[PDB]
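Reviewing the structure listed below.
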Number of protein chains: 2
Amino acid sequence: XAXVXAXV
Amino acid sequence: XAXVXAXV
DNA sequence: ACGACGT
DNA sequence: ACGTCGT
Ligand SMILES: *C(=O)c1cnc2ccccc2n1
Ligand SMILES: *C(=O)c1cnc2ccccc2n1
Ligand SMILES: *C(=O)c1cnc2ccccc2n1
Ligand SMILES: *C(=O)c1cnc2ccccc2n1
Ligand SMILES: [Mg+2]
Ligand SMILES: [Mg+2]
Ligand SMILES: [Mn+2]
């Protein structure tokens, strides 16, 4: 849920 | 019902 | 009744 | 280095 690199 | 990973 | 990620 | 959900 975080998007720091993916942002699922 | 939400789809944040599944979206049922 | 439903599970996922990459720069 | 980063965590989330409601019909
Ligand atoms: C988002 O909050 C979150 C938490 N855990 C995960 C695990 C695997 C893929 C994506 C994810 N996203
Ligand atoms: C984004 O591509 C990515 C990959 N690995 C991680 C590890 C820990 C926190 C965030 C990350 N983001
Ligand atoms: C969607 O709103 C919702 C709420 N609760 C659930 C529980 C189990 C599976 C799917 C669900 N979807
Ligand atoms: C999606 O794959 C997934 C898995 N676990 C969760 C927990 C809480 C909110 C959203 C979620 N999404
Ligand atoms: Mg990875
Ligand atoms: Mg709920
Ligand atoms: Mn986590």
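Heavy-atom basis, side chains included; hydrogens, waters and symmetry copies ignored. So that the names make sense, note that chain A is the first sequence line, chain B the second, and so on, each numbered from 1.
With D:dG6, D:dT4, D:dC2 as the choices, the nucleotide that has an atom nearest any side-chain atom of B:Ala2 turns out to be D:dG6. For A:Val8, whose side chain is taken as the heavy atoms from C-beta onward, the closest listed nucleotide among C:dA1, C:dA4, D:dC2 is C:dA4. Of the listed nucleotides (C:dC2, D:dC5, D:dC2), C:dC2 has the atom at the smallest distance from the side chain of B:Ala6.
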